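In structure tokens, one chain follows: the form deposited in one PDB entry.
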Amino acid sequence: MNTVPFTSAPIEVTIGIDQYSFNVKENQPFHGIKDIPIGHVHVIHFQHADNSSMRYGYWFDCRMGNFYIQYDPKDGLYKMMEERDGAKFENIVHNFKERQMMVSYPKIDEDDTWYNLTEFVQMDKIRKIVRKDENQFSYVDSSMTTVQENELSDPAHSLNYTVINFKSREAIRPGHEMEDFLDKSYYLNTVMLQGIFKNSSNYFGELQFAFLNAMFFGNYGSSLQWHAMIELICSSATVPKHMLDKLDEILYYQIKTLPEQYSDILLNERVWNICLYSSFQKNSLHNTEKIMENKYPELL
């Protein structure tokens, strides 16, 4: 059970850790989050009480180092940092725990939600989508644009998601125009799975990471990437049975976790209607179709 200590909380802020969140008051004696489950990536995220544009956070894995949060009054944000001195860090965490100035990661024992949302998500893949090689953790916010969005302005602060474009030479073999446009199996299986991702686990990892960035930061380009990766599977007549079965589970937990009131801005009507009702895979997502029909029958 790892710990991310906080130096202090000088400004009033809503702090998220994965799917949980709590309000911290200006100068409240809050010194961090303990009992964080080992074995998964985590995200710690912030929304300032004084300015909801400031919506941002850090992907990390406590197996990779000792991380803490410290407010920077110059840059005006809570920053993640690595403590290289193991003993100094153990001594900080021990003191704060003794004084019970830390919130406990509030996992219900029966509750597999976070595993289910991050099953394929790996910190080494995050660090390739979010490039800042001097850190072992990854900063994301509401406003960061994707490489794809930037093609259609600062490359150092971009989300390097795999570019998917249904009307590209990459997606369409010369002489198989109609076939490849109407059945994307070659694009899914040869170009993306065999070619670029190497396997379904890395493809699902990127899909799950895109969802989480869309949900936690309202990152619009992430939402575009999540929908494109769903649509590419649903628009393929030939998908391995294990991928369809896994996709149904992945989407079920994403739709289950989405705040009821954000369905209007986070769910694309065209993609979902096409994926559940028109596509090759219209009958392969039973769990997802049932939760969508019961939770969001308006969108459909």
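Don't overthink the numbering: it's just position in the shown sequence, from 1. In this text, rigid core is short for the largest set of C-alphas that superpose within 1.5 Å between two forms.
The entry models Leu152 and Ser153 with a gap of 4 to 9 deposited residues left without coordinates. Of the two segments, 212 to 220 and 188 to 196, the one listed with the higher mean B-factor is 188 to 196 (C-alpha atoms only). Remark: stretch with higher mean C-alpha B factor among 225 to 233 and 77 to 85 is 77 to 85. Comparing the listed residues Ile129, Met144, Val147, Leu182, the entry records the largest Cα B-factor for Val147. If you compare the C-alpha temperature factors of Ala156, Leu159, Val121, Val163 in the entry, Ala156 comes out highest. In this PDB entry, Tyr262 carries a Cα temperature factor that places it within the highest third of its chain's modelled residues.
For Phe67, the recorded CA temperature factor ranks within the lowest third of the chain's modelled residues. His45 sits in the lowest third of its chain by CA B factor, as recorded in the PDB entry. For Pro240, the recorded CA B-factor ranks within the highest third of the chain. Only modelled residues enter the ranking. The entry lists a Cα temperature factor for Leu207 that places it in the lowest third of the chain's modelled residues.
Keep in mind that the form deposited in another entry is missing from the display, and what follows is about it.
Among the candidates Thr190, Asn199, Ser168, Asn95, the CA atom that moves 2 angstroms or more between this form and the one not shown after core superposition belongs to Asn95 alone. After superposition on the rigid core, the Cα of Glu134 moves by less than 2 Å between this form and the one not shown. After superposing the rigid core, the C-alpha of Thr257 moves by less than 2 Å between this form and the one not shown. Relative to the superposed rigid core, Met64 undergoes a CA displacement smaller than 2 Å between this form and the one not shown.
Whereas the shown form places them at one spacing, the Cα atoms of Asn66 and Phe96 lie at least 3 Å farther apart in the other entry. Closer approach of the C-alpha atoms of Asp109 and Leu207, by 3 angstroms or more, is seen in the other entry than in the present form.
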